[PDB]
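Visitor: Residue numbers (PDB author numbering), protein chains in the order written: chain H, 10 to 52, 52A, 53 to 82, 82A to 82C, 83 to 100, 100A to 100C, 101 to 186, 192 to 208; chain H', 10 to 52, 52A, 53 to 82, 82A to 82C, 83 to 100, 100A to 100C, 101 to 186, 192 to 208; chain F, 74 to 374; chain F', 174 to 223; chain L, 1 to 95, 95A to 95D, 96 to 211. A prime marks a further copy of an entry chain. We put the CB at the ideal spot given by N, CA and C, even for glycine. Once you've had a glance at the structure underneath, I'll fire off some questions.
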Amino acid sequence: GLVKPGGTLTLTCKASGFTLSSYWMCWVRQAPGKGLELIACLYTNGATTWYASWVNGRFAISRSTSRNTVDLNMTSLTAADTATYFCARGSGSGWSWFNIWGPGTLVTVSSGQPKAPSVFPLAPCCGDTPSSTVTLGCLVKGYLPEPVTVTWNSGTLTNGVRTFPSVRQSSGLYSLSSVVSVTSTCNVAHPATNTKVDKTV
Amino acid sequence: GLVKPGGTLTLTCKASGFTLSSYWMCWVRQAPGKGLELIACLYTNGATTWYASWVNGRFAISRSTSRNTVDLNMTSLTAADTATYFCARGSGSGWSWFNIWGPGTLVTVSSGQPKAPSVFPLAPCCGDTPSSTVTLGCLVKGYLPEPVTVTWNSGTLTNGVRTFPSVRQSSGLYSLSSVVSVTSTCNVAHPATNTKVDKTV
Amino acid sequence: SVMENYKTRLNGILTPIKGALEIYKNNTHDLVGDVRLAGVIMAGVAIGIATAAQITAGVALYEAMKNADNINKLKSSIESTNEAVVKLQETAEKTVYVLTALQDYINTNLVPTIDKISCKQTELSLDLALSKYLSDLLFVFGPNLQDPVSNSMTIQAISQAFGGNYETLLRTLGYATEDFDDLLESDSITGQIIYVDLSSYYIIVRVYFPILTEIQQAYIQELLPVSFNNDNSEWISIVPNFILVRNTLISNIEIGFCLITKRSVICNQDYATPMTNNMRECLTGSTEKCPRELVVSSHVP
Amino acid sequence: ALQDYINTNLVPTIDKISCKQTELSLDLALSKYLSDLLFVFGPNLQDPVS
Amino acid sequence: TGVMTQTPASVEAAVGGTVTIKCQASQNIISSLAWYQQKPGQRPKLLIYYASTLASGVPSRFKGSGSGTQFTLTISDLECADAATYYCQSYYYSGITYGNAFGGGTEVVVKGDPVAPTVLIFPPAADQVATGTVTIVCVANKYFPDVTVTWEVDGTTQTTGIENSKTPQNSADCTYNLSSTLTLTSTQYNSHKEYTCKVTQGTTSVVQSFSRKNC
Ligand SMILES: *[C@@H]1O[C@H](CO)[C@@H](O)[C@H](O)[C@H]1NC(C)=O
Ligand SMILES: *[C@@H]1O[C@H](CO)[C@@H](O)[C@H](O)[C@H]1NC(C)=O
Ligand SMILES: *[C@@H]1O[C@H](CO)[C@@H](O)[C@H](O)[C@H]1NC(C)=O
Ligand SMILES: *[C@@H]1O[C@H](CO)[C@@H](O)[C@H](O)[C@H]1NC(C)=O
């Protein structure tokens, strides 16, 4: 997900439910909070390619044809290129609608380098009166790569889980918050910085 | 509907739910209280025509091909020609069953000329005891063209409407009767004579 | 990827035709019309070597170019057509008819069965259909077609691009005549390619539909050969079975290129050939001038 | 002639395609049959008494 | 080139009603149009292909129509779970003409039963006071329709330091959730005695307070 303005990145399809060579394959991109945009398809023969009008040779598709993978190459990246890049299979060998969408890979262009997340235990103090309904949770801030995973005590109780979407501060880093409710217990991992800390049950 | 024995009449299709040239089109006739009889079809090309064995050039089909109409021409009419003449579309371009039937045009050969209908207000007298259930209605007689329309106070209450079929007297004119029931109000129109009288509520 | 392979192959087939037509199109100039010149000029040095018929065909190609440009205004509509036969109208001027190859097969045999068979099966069937179309079309539009600048190719051969259904091609344009079959079988109805689009993979052909004209003061007499006996042997006169007489002038005729009907002999050109004076003297009445040949076959008239 | 095509290719697909599509396909089949039949039974057949 | 004019960008409709989305293609695409459903934080879900054919397992209330340049998408008997962004795409491939584009998208939001919010507030931890930066979060639970969020320390309103993110509509009752967080340095957190967070739903308004000591 980390990349420098003007750098290069290579992605891969994560569908893995079929033989990749026998299907129509596009790469779909979606800027955060924006509409879906189609980048580039790849015919089953493997030489003929379709490209949108705006790429103009900036992106390129190929397949490993041995490991059953499909790649996308990027150059001269800018802030507009920050998006989630979806590998979409398209129902048939030829041009068609997509019925299988890959999980997607987050991509972030930024002058900053990966920052380890700051985890805070937010909780109503012990001094206030405890009601029958209690609400607890964790808080994560101070991290630069967008993707976060918020699990809770290894996820054995997810009935009251309520994770919130991330938001940027003015300096470019993100912060989220998660709350729970149980009768009168938190692990957050950030893979890009490889931090998986969990304390203060 | 009015026509003289030996005269001529021209009818038109009133389907108007499609392009007339693209469908198989017959003219079906039905004498009052008699069976349906097929007169003549017209192919989509517009020159080839089908005719029953009995017409023998007495009837003829054509289409306006510009106003999207289909006509039927009649000559040497007799008392047997009195019928309702149905324009029937036939499901396809070629020979086929009919799934759309036109409303039909009443046709009456007779030496008589159009006669204005005689409208009577029949009603149980005011002298007799009024029960909770009351039955009211109108009566129409003395008219030569078959088609009658019986509406009631512009048709805002049609729950108890009970119009009866017409019948000929020996002299050749018709007469019908209509009754209603309401808790303790009539307009009859005859288009051929252009009479639309409504009184005695 | 079947359509891409087919496009590549069809471009390989079509490019030579386009270049051959462009040789005359590029070297034909329409000067501003006036009273001094009444036609267009052909660049003889640029053409280099050409027969008379080829130059006349280039003139015909120019005269076609006007309606060809009118038709090509509807190029976007031509690509969008999904029916075997379609009619194009825009201003009720020169209604353009479009025939599409294999479109009836796509619409009636592959799209209806797309549910019933696998996608790979359908793809293989489509590729097979395109390959068979190329195998049958190659005999007429392949390297065998050396001079595309010619209006001498019959419409039956031209119609191989439309599966050889020349009846649909001719009836769509609205041709109708008593001698329709006589013109067809005598190779008198011809077509000429006047435009090739390598990007859209379509072509425009100009159909030449003539009328038969009776050659005045001319007839064609036929002789029925019969074996005659002489010197205890059977013989057959080696004499023209078909003799052309025009203005009381006897000449041979190349009947093989003509259509023979019971009433007349129909030809797409004058197939008269000269006759040696001895043959003409024998037909004149000098029977010692006609040769004969021994009859050894058990079956002879 | 063409009866096998009517029975196996047009009547089975009458549900699947429009009536105009079926009519055009039928006309195309008849016209192709005429184009192929003309070479043998057209004016080329001069003497049918043979 | 090929472009897709999809209208409208967003639309509001009550539960049980019908909503109509429209997609316009610059060129004829001959019934080669698809419709997708996408919920926030999720991959798209195929709804309709070939303008009319419904994808397997898709409810019949989604109805597609159209041919050539104009196409429509109609959602009848609207449910809470239907709230999502809806896209259309052309996969036109005659063989010689290439037309591929995505619609701009339409955000649909379904009006559920109005429900008042339950406001909560959170105190900063001890490690939070370190480095001189502190986040106090105020959250609103199970609410509809949209609410305004305001903060007030010691009787003063603040325009900076606040960031709030709202969850997608709950698929059962169409209810939003909020997480408004406020940040300032530790010195100004210690100088002020109490902070209050006000949530406003039209005429209704909910407030929440907390001491400086303990919570
Ligand atoms: C992507 O492009 C860059 C520069 O052209 C090149 O160094 C890199 O190997 C490419 N990656 C792939 C997977 O083709
Ligand atoms: C019907 O026939 C009569 C007499 O032949 C003729 O006067 C009349 O114009 C015809 N009507 C139509 C519509 O052809
Ligand atoms: C004919 O002219 C066109 C346009 O100038 C050119 O593209 C083409 O190559 C020319 N063809 C020949 C055979 O000179
Ligand atoms: C293409 O498919 C659409 C929808 O199935 C249909 O309405 C149309 O008639 C079809 N066209 C052809 C040429 O098969």
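1. May I have the straight-line CA-CA distance separating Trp103 (chain H') from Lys189 (chain F'), to the nearest angstrom?
2. Please indicate yes or no: does the CB of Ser70 (chain H') lie closer than 7 Å to some heavy atom of ligand 2?
3. Interface residues of chain F around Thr95B (chain L) at Cβ under 9 Å?
4. If you draw a straight line from the alpha carbon of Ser100A (chain H) to that of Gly95 (chain H), how long is it in whole angstroms?
5. Could you name the residues whose beta carbon sits closer than 5 Å to any heavy atom belonging to ligand 4, keeping them in chain order?
6. Taking one C-beta from the region 29-37 of chain L and one from the region 61-79 of chain L each time, how about it: are there three or more such pairs within less than 8 Å?
7. Please find out if some non-hydrogen atom of ligand 2 comes closer than 7 Å to the beta-carbon of residue 259 (chain H').
8. Using CA coordinates, which residue listed in F:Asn302, F:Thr286, F:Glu136, F:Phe282 is at the minimum distance from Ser337 (chain F)?
9. From the DSSP output, read off the bridge partner residues of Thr165 (chain H').
10. Answer yes or no: the CB of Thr192 (chain H') versus the heavy atoms of ligand 6, is any distance below 7 Å?
11. By the criterion of Cβ-Cβ separation under 8 Å, what are the contact partners of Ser98 (chain H') in chain F'?
12. DSSP beta-bridge partners for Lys206 (chain H')?
13. Quick one, which of F:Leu256, F:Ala126, F:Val269, F:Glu258 has its alpha-carbon nearest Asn224 (chain F)'s?
14. At a CB-CB cut-off below 8 Å, which residues of chain L make contact with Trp58 (chain H)?
15. Drop a sphere of 10 angstroms on the beta-carbon of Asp86 (chain H'), count the other beta-carbons inside from all chains shown, and report buried for 16 or more, exposed for fewer.
16. Here's the rule I'm using: 16 or more other beta-carbon atoms within 10 Å means buried, otherwise exposed. How should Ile122 (chain F) be labelled?
17. Taking 7 Å as the cut-off, is the C-beta of residue 386 (chain F) nearer than that to any heavy atom in ligand 3?
18. In the DSSP assignment, what are the bridge partners of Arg279 (chain F)?
19. Measuring only the C-alpha atoms, how far is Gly144 (chain H) from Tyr176 (chain H)?
20. Consider the Cβ of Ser74 (chain F): report whether some Cβ of chain H lies at a distance smaller than 8 Å.
21. Check whether the Cβ of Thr163 (chain L) lies closer than 8 Å to any Cβ atom in chain H.
22. Can the beta-carbon of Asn173 (chain L) be found less than 8 Å from the beta-carbon of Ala112 (chain L)?
23. If you follow the beta strand (DSSP E) that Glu12 (chain L) is in, where does it begin and where does it stop?
24. For chain L, find out if any of its Cβ atoms is closer than 8 Å to the Cβ of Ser25 (chain H); answer yes or no.
25. Is any non-hydrogen atom of ligand 2 found closer than 7 Å to the C-beta of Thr151 (chain H'), if you look at the structure I gave you?
26. Output, in chain order, the set of chain F residues within a Cβ distance shorter than 9 Å of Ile30 (chain L).
27. Counting only beta-carbon atoms, is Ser10 (chain L) nearer than 8 Å to chain F?
28. Specify, as a first and last residue, the run of the beta strand (DSSP E) that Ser161 (chain L) falls within.
29. Please tell me whether, using a cut-off of 7 Å, the distance from the CB of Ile96 (chain F) to the nearest non-hydrogen atom of ligand 3 is below it.
30. What does the alpha-carbon distance come out to for the pair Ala55 (chain L) and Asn101 (chain H)?
31. For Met34 (chain H') and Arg66 (chain H'), what's the separation of their Cα atoms in angstroms?
32. Please confirm whether residue 235 (chain L) has its beta-carbon closer than 8 Å to some beta-carbon of chain F.
33. With a cut-off of 8 Å, do at least 3 Cβ pairs link the region 159-171 of chain H' to the region 105-121 of chain H'?
34. Looking at ligand 3, does it come within less than 7 Å of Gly99 (chain H), judged from the CB to the closest heavy atom?
35. Would you kindly work out how many angstroms separate the C-alpha atoms of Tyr97 (chain F) and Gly131 (chain F), rounded to a whole number?
36. Is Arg43 (chain L) close to chain H? Criterion is C-beta to C-beta, closer than 8 Å.
Guide: Checking against the coordinates, here is how it stands:
1. Along the second sequence, one-based indexing puts residue 103 (chain H') at 101. Along the fourth sequence, one-based indexing puts residue 189 (chain F') at 16. Cα to Cα, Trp103 (chain H') sits roughly 26 Å from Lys189 (chain F').
2. Taking the first residue of the second sequence as 1, we reach residue 70 (chain H') at position 62. Flag set: Cβ of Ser70 (chain H') near ligand 2.
3. Locating residue 95B (chain L) in the fifth sequence gives position 97, where the first residue counts as 1. Residues of chain F passing the Cβ test: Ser149, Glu152, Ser153, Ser273.
4. Position 96 of the first sequence, counted from the start, is the residue given in the question as residue 100A (chain H). Position 90 of the first sequence, counted from the start, is the residue given in the question as residue 95 (chain H). Approximately 5 Å between the Cα atoms of the pair.
5. F:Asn155, F:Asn180, L:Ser31
6. yes
7. There is simply no residue 259 (chain H') to check, as chain H' begins at 10 and stops at 208 in what is shown.
8. Residue numbering aside, residue 337 (chain F) sits at position 264 when the third sequence is read from its first letter. Closest by C-alpha distance to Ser337 (chain F), out of F:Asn302, F:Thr286, F:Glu136, F:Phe282, is F:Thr286.
9. Here the question's residue 165 (chain H') lines up with position 163 in the second sequence. The partner list for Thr165 (chain H') (beta bridge, DSSP) reads H':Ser180.
10. As presented, the structure is devoid of ligand 6, carrying ligand 1, ligand 2, ligand 3 and ligand 4 as its sole ligands.
11. Position 93 of the second sequence holds residue 98 (chain H'). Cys192, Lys193, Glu196, listed in chain order.
12. Working through the second sequence from its first residue, we reach residue 206 (chain H') at position 199. According to DSSP, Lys206 (chain H') bridges with nothing at all.
13. Walking along the third sequence from the start, residue 224 (chain F) turns up at place 151. With distances taken between Cα atoms, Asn224 (chain F) lies closest to F:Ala126.
14. On the first sequence, position 50 is the one that residue 58 (chain H) refers to. The contacting residues are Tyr95C, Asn96.
15. Taking the first residue of the second sequence as position 1, residue 86 (chain H') is located at position 81. Buried.
16. Against the third sequence, residue 122 (chain F) aligns to sequence position 49. Its Cβ having fewer than 16 others within 10 Å, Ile122 (chain F) is exposed.
17. No statement about residue 386 (chain F) is possible, as the shown extent of chain F runs from 74 to 374 and does not include it.
18. Here residue 279 (chain F) refers to the residue found at position 206 of the third sequence. Beta-bridge pairing links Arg279 (chain F) to F:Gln265.
19. As a working mapping, residue 144 (chain H) is identified with position 142 in the first sequence. As a working mapping, residue 176 (chain H) is identified with position 174 in the first sequence. One C-alpha to the other measures close to 6 Å.
20. Sequence index remark: in the third sequence, residue 74 (chain F) carries index 1 (1-based). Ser74 (chain F) counts as touching chain H.
21. The sequence position of residue 163 (chain L) within the fifth sequence is 167, counting from 1. Taking 8 Å as the threshold, the shortest C-beta distance from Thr163 (chain L) to chain H falls below it.
22. As a first step, residue 173 (chain L) is located in the fifth sequence; it is residue number 177 there, counting from the start. As a first step, residue 112 (chain L) is located in the fifth sequence; it is residue number 116 there, counting from the start. No, these two residues do not count as a Cβ contact at 8 Å.
23. In the fifth sequence, the residue the question calls residue 12 (chain L) occupies position 12. Note, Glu12 (chain L): beta strand (DSSP E), 10-14.
24. Translated into the one-based positions of the first sequence, residue 25 (chain H) becomes position 16. Answer no: the Cβ-Cβ gap between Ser25 (chain H) and chain L never drops below 8 Å.
25. Here residue 151 (chain H') refers to the residue found at position 149 when the second sequence is read from its first residue. No.
26. Numbered from its first residue, the fifth sequence carries residue 30 (chain L) at position 30. Per Cβ cutoff of 9 Å: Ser153, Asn155.
27. Position 10 of the fifth sequence, counted from the start, is the residue given in the question as residue 10 (chain L). Judged by the 8 Å Cβ criterion, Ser10 (chain L) is not in contact with chain F.
28. Here residue 161 (chain L) refers to the residue found at position 165 of the fifth sequence. Looking at the DSSP string, the run of the beta strand (DSSP E) that includes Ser161 (chain L) is 158-162.
29. Indexing the third sequence from 1 puts residue 96 (chain F) at position 23. It does: the Cβ of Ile96 (chain F) is within 7 Å (strictly closer) of some heavy atom of ligand 3.
30. Looking up residue 55 (chain L) in the fifth sequence gives position 55. Looking up residue 101 (chain H) in the first sequence gives position 99. Approximately 9 Å between the Cα atoms of the pair.
31. Taking the second sequence and counting its residues from 1, the one referred to as residue 34 (chain H') is at position 25. Taking the second sequence and counting its residues from 1, the one referred to as residue 66 (chain H') is at position 58. Rounded to whole angstroms, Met34 (chain H') to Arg66 (chain H') spans 18 Å at the Cα level.
32. A question about residue 235 (chain L) goes unanswered here, because the residues of chain L that appear run from 1 up to 211.
33. no
34. Mapped onto the first sequence, residue 99 (chain H) falls at position 94. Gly99 (chain H) Cβ: outside cutoff for every heavy atom of ligand 3.
35. Within the third sequence, the letter at position 24 stands for residue 97 (chain F). Within the third sequence, the letter at position 58 stands for residue 131 (chain F). Cα to Cα, the separation comes out at about 6 Å.
36. For the purposes of this step, residue 43 (chain L) is identified with residue 43 of the fifth sequence, where counting begins at 1. True, the Cβ-Cβ gap to chain H drops below 8 Å.
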